[PDB]
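One structure is given below, encoded as structure tokens.
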Amino acid sequence: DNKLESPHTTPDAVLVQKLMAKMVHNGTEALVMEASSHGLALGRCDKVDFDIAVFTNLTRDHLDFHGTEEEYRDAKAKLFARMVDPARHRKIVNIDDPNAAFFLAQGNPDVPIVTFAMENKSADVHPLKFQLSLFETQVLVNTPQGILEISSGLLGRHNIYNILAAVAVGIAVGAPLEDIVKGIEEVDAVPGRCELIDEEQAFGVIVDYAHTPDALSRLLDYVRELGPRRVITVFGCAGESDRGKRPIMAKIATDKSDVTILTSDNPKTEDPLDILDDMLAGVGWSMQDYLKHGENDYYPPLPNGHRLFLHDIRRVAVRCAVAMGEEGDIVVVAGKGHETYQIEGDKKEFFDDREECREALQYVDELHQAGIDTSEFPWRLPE
Amino acid sequence: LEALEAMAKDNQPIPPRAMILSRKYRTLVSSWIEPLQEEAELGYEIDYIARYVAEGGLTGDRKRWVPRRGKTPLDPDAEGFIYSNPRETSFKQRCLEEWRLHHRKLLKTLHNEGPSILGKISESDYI
């Protein structure tokens, strides 16, 4: 259950094997080595006999590193074919992805193959239920091999696809659907990645990990499909990073969000209010214009009707975004997910977590009782 | 106009100081128009990312319009001027200003040195 601290995403293969042997000697019955596409292409999980090698989402991975598309999928297929057993390896993957079918075509054909696609009729899996919500999204899966009940996912399609892919692995061990109750409970536990709303009765808070433009865009689209009323987001850019990434990120954020807050997610020795101006230049605004408008009490909106806010410090802006939210609306924090490190300059501070959001959602009641207005960025302070 | 047409007669190219504002429409042919500090409609939407890539970014350094504390000219057009650039006024404002100043000096002249005129209907004319 415990996980050792590792700097890289994929540790050394020899060290991983030694840790797995030490665990299997005493304190663990099974040693499963799971690595991502980059870890599998590097050789971390490749040098290990994999009983079940399935892909959750097959697409162009490590295209800039490996230099060729479908390289990670081919490496995973080769690693699975190296150590393969009859009717023991699972090929559960979405049928819509062509890389998944290309990887399933390679290797030993005696291995069991199955599809977890919902729209495909050959996969026989389908949600067949309408219970999507920010707290829990239960589906009644009706498949011959898959379990009946499904796991409550925070996302509309991504979490549903993950639950459908995990249902196959859960049913492979046990045909009874009662054994998947623990897996469904663990999936609804709101992990670090694509976290769900808090259990407390308050506005929805979704902590996500979105840094690349495409992932940020797809997460924003999924939130728009899930967000009933408003889409409130707050994020920032890292210093000495891709300079062209900031304007496209700001544009993709402002295109579909009504109100967005721009902060400094990772200063890392880079001057503040500089990359913030870079993000502001995406919507055509300059920090000078917003500052000279801030002396007034108007704050004109965007031409498309949306609104844009910004602040230097991360804590106060995040607390305001958590407080500036409607009942049916949900607040999305795509700046950082499972990460708990904020490097402001040379020193780093570990002051980024969900406990701050919980404290803000608890104290917003006292704020409203005091009479403070948190509708927009210029809080109307009484006298 | 006179200052411009006096240049090609002497065979003098335009100096490289054709400074454009943050809104990429400022030139010697833009300030005198009636809309000031306003982008012009060019059909398709403004390619903000393309403008960002063309003007700078992704390499070197970009002119960041961020206020600072040091007494340094922020706008790149106030580099040579001692104090600051002159007040921005369109051609209509300057024309009405010169017209009202002309009428003001006319009335100032007629007040003191203009009590008598050729017209002998002053009782109804001066009022």
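Ordering of the structure tokens sets the chain letters (A, B, ...), residue numbers begin anew at 1 in every chain, and ligands are numbered from 1 in the order given.
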Restrict the calculation to only C-alpha atoms, then for each residue of chain A with any atom at most 12 Å from an atom of chain B give the closest atom pair and their distance in Å to one decimal, rows by chain and rising residue number, as a tab-separated table.
```
residue	atom	partner	partner_atom	distance
A:240	CA	B:58	CA	10.1
A:241	CA	B:58	CA	9.2
A:242	CA	B:58	CA	6.8
A:243	CA	B:58	CA	4.9
A:244	CA	B:58	CA	5.8
A:245	CA	B:58	CA	9.1
A:246	CA	B:49	CA	9.6
A:247	CA	B:49	CA	6.2
A:248	CA	B:49	CA	6.8
A:249	CA	B:49	CA	10.3
A:250	CA	B:49	CA	10.1
A:251	CA	B:49	CA	8.7
A:252	CA	B:49	CA	11.4
A:271	CA	B:66	CA	11.2
A:272	CA	B:66	CA	10.3
A:273	CA	B:66	CA	7.2
A:274	CA	B:64	CA	6.8
A:275	CA	B:64	CA	9.0
A:276	CA	B:66	CA	9.7
A:277	CA	B:64	CA	7.0
A:278	CA	B:64	CA	7.7
A:279	CA	B:49	CA	10.5
A:280	CA	B:65	CA	10.4
A:281	CA	B:48	CA	7.4
A:282	CA	B:48	CA	5.8
A:283	CA	B:48	CA	7.0
A:284	CA	B:48	CA	6.4
A:285	CA	B:22	CA	9.3
A:286	CA	B:65	CA	6.4
A:287	CA	B:66	CA	6.0
A:288	CA	B:66	CA	6.2
A:289	CA	B:65	CA	9.4
A:290	CA	B:66	CA	10.6
A:291	CA	B:67	CA	9.1
A:292	CA	B:67	CA	10.5
A:303	CA	B:45	CA	11.5
A:304	CA	B:45	CA	11.8
```
For the residues in that selection, give me N, CA, C and O atoms as a short mmCIF file (atom, residue, chain, number, x, y, z; two decimals), in the first residue's frame.
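Written file, selection.cif:
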```
data_model
loop_
_atom_site.label_atom_id
_atom_site.label_comp_id
_atom_site.auth_asym_id
_atom_site.auth_seq_id
_atom_site.Cartn_x
_atom_site.Cartn_y
_atom_site.Cartn_z
N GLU A 240 10.60 30.23 -16.89
CA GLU A 240 11.57 29.63 -17.82
C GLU A 240 10.96 28.46 -18.59
O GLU A 240 11.67 27.52 -18.96
N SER A 241 9.66 28.50 -18.82
CA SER A 241 8.95 27.46 -19.53
C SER A 241 8.68 27.91 -20.97
O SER A 241 9.20 28.93 -21.43
N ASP A 242 7.87 27.14 -21.69
CA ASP A 242 7.49 27.48 -23.06
C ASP A 242 6.75 28.81 -23.08
O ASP A 242 5.64 28.92 -22.56
N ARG A 243 7.37 29.83 -23.69
CA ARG A 243 6.76 31.15 -23.72
C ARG A 243 5.51 31.17 -24.59
O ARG A 243 4.56 31.91 -24.29
N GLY A 244 5.48 30.39 -25.66
CA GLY A 244 4.30 30.31 -26.50
C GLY A 244 3.15 29.54 -25.89
O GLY A 244 2.04 29.58 -26.44
N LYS A 245 3.38 28.84 -24.78
CA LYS A 245 2.32 28.08 -24.13
C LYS A 245 1.37 28.97 -23.35
O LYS A 245 0.17 28.66 -23.25
N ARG A 246 1.87 30.07 -22.78
CA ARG A 246 1.02 30.95 -21.98
C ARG A 246 -0.11 31.59 -22.79
O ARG A 246 -1.27 31.55 -22.32
N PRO A 247 0.12 32.20 -23.96
CA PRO A 247 -1.00 32.85 -24.65
C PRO A 247 -2.06 31.88 -25.13
O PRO A 247 -3.26 32.18 -25.02
N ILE A 248 -1.66 30.73 -25.67
CA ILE A 248 -2.65 29.76 -26.14
C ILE A 248 -3.43 29.19 -24.96
O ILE A 248 -4.64 28.95 -25.06
N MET A 249 -2.77 28.97 -23.82
CA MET A 249 -3.47 28.52 -22.63
C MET A 249 -4.49 29.55 -22.17
O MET A 249 -5.64 29.21 -21.86
N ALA A 250 -4.09 30.82 -22.12
CA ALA A 250 -5.01 31.87 -21.70
C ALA A 250 -6.19 31.99 -22.66
O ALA A 250 -7.33 32.20 -22.23
N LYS A 251 -5.93 31.84 -23.96
CA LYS A 251 -7.01 31.92 -24.94
C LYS A 251 -7.98 30.76 -24.79
O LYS A 251 -9.20 30.96 -24.79
N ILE A 252 -7.46 29.54 -24.66
CA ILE A 252 -8.32 28.38 -24.51
C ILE A 252 -9.09 28.44 -23.20
O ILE A 252 -10.21 27.91 -23.10
N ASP A 271 10.71 36.75 -12.78
CA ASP A 271 10.09 37.94 -12.19
C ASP A 271 8.57 37.83 -12.26
O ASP A 271 8.03 37.50 -13.32
N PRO A 272 7.86 38.10 -11.17
CA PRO A 272 6.40 38.10 -11.23
C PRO A 272 5.88 39.30 -12.01
O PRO A 272 6.62 40.22 -12.35
N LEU A 273 4.58 39.25 -12.31
CA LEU A 273 3.89 40.29 -13.07
C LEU A 273 4.45 40.41 -14.49
O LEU A 273 4.08 41.32 -15.23
N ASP A 274 5.35 39.50 -14.86
CA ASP A 274 5.90 39.44 -16.21
C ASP A 274 5.25 38.35 -17.05
O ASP A 274 4.72 38.63 -18.13
N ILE A 275 5.27 37.11 -16.57
CA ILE A 275 4.53 36.05 -17.24
C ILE A 275 3.03 36.29 -17.11
O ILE A 275 2.25 35.89 -17.99
N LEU A 276 2.60 36.95 -16.03
CA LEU A 276 1.20 37.33 -15.91
C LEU A 276 0.80 38.29 -17.03
O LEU A 276 -0.29 38.16 -17.61
N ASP A 277 1.67 39.25 -17.35
CA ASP A 277 1.41 40.11 -18.50
C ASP A 277 1.41 39.33 -19.80
O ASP A 277 0.66 39.66 -20.72
N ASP A 278 2.23 38.28 -19.88
CA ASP A 278 2.22 37.43 -21.07
C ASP A 278 0.87 36.73 -21.23
O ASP A 278 0.33 36.66 -22.34
N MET A 279 0.31 36.22 -20.13
CA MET A 279 -1.01 35.61 -20.20
C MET A 279 -2.09 36.65 -20.52
O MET A 279 -3.04 36.36 -21.25
N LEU A 280 -1.95 37.86 -19.97
CA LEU A 280 -2.92 38.91 -20.25
C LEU A 280 -2.89 39.35 -21.71
O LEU A 280 -3.92 39.74 -22.26
N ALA A 281 -1.71 39.30 -22.34
CA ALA A 281 -1.60 39.68 -23.74
C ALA A 281 -2.36 38.73 -24.67
O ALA A 281 -2.59 39.08 -25.83
N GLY A 282 -2.75 37.55 -24.18
CA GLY A 282 -3.48 36.63 -25.02
C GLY A 282 -4.87 37.13 -25.38
O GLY A 282 -5.35 36.91 -26.49
N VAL A 283 -5.52 37.82 -24.45
CA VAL A 283 -6.85 38.37 -24.69
C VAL A 283 -6.72 39.79 -25.22
O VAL A 283 -7.72 40.50 -25.38
N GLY A 284 -5.49 40.21 -25.50
CA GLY A 284 -5.23 41.53 -26.02
C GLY A 284 -5.06 42.61 -24.98
O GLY A 284 -4.74 43.75 -25.34
N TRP A 285 -5.28 42.30 -23.71
CA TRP A 285 -5.15 43.28 -22.64
C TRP A 285 -3.69 43.38 -22.18
O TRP A 285 -2.89 42.46 -22.36
N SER A 286 -3.37 44.52 -21.58
CA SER A 286 -2.07 44.74 -20.96
C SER A 286 -2.28 45.04 -19.48
O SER A 286 -3.33 45.55 -19.08
N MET A 287 -1.27 44.72 -18.67
CA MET A 287 -1.38 44.94 -17.23
C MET A 287 -1.58 46.41 -16.90
O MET A 287 -2.23 46.73 -15.91
N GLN A 288 -1.04 47.31 -17.73
CA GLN A 288 -1.23 48.73 -17.50
C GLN A 288 -2.70 49.11 -17.62
O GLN A 288 -3.22 49.89 -16.81
N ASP A 289 -3.40 48.56 -18.62
CA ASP A 289 -4.81 48.87 -18.79
C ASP A 289 -5.64 48.35 -17.63
O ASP A 289 -6.51 49.06 -17.12
N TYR A 290 -5.38 47.12 -17.19
CA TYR A 290 -6.14 46.58 -16.06
C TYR A 290 -5.83 47.33 -14.78
O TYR A 290 -6.72 47.52 -13.94
N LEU A 291 -4.59 47.79 -14.60
CA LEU A 291 -4.25 48.54 -13.40
C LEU A 291 -4.91 49.92 -13.40
O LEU A 291 -5.43 50.36 -12.38
N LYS A 292 -4.90 50.61 -14.55
CA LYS A 292 -5.57 51.90 -14.62
C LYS A 292 -7.08 51.77 -14.56
O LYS A 292 -7.76 52.74 -14.19
N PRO A 303 -14.90 41.24 -24.73
CA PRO A 303 -15.86 41.45 -25.83
C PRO A 303 -16.85 40.32 -26.00
O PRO A 303 -17.99 40.57 -26.43
N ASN A 304 -16.47 39.08 -25.68
CA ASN A 304 -17.38 37.95 -25.80
C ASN A 304 -18.38 37.86 -24.66
O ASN A 304 -19.26 37.00 -24.69
#
```
Which residues, written as a ChimeraX atom specification, have at least one atom at most 12 Å from residue A:78, with only C-alpha atoms counted and residues fewer than 2 positions away on the same chain left out?
-> /A:40-41,43,45-50,53,71-76,80-84,102-108
With the cut-off set at 10 Å and counting only C-alpha atoms, tabulate each residue of stretch 31-121 of chain B with an atom at most that distance from an atom of stretch 10-21 of chain B, showing the nearest atom pair and its distance in Å to one decimal, ordered by chain and increasing number, as JSON lines.
```
{"residue": "B:37", "atom": "CA", "partner": "B:21", "partner_atom": "CA", "distance": 9.0}
{"residue": "B:75", "atom": "CA", "partner": "B:21", "partner_atom": "CA", "distance": 8.3}
{"residue": "B:76", "atom": "CA", "partner": "B:19", "partner_atom": "CA", "distance": 7.3}
{"residue": "B:77", "atom": "CA", "partner": "B:19", "partner_atom": "CA", "distance": 6.4}
```
Which neighbours of residue A:201 fall inside 12 Å, counting only C-alpha atoms, when residues of the same chain fewer than 3 positions from it are skipped, and could you give them as an mmCIF file with C-alpha atoms, in the first residue's frame?
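Output contents, as saved in around_12.cif:
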```cif
data_model
loop_
_atom_site.group_PDB
_atom_site.id
_atom_site.type_symbol
_atom_site.label_atom_id
_atom_site.label_comp_id
_atom_site.auth_asym_id
_atom_site.auth_seq_id
_atom_site.Cartn_x
_atom_site.Cartn_y
_atom_site.Cartn_z
ATOM 1 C CA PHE A 135 -20.312 14.240 -6.089
ATOM 2 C CA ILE A 197 -16.030 18.064 -4.891
ATOM 3 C CA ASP A 198 -15.646 18.138 -1.121
ATOM 4 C CA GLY A 204 -18.097 22.311 -5.840
ATOM 5 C CA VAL A 205 -14.295 22.317 -5.878
ATOM 6 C CA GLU A 327 -24.410 26.875 -5.522
ATOM 7 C CA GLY A 328 -24.836 24.911 -8.748
ATOM 8 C CA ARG A 358 -11.685 23.253 2.834
ATOM 9 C CA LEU A 361 -15.298 26.780 2.167
ATOM 10 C CA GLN A 362 -15.752 26.580 5.945
ATOM 11 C CA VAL A 364 -17.114 31.545 3.611
ATOM 12 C CA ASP A 365 -20.116 31.139 5.920
#
```
Just the helix (DSSP H, G or I) stuff from stretch 37-140 of chain A, please, per backbone DSSP, written as number ranges by chain.
-> A: 37-42, 63-66, 71-82, 98-105
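Between atom CA of residue B:100 and atom CA of residue B:116 the separation is 23.3 Å.
Proximity of B:80, B:60, B:118, B:25 to residue B:42, computed with only C-alpha atoms, is greatest for B:25.
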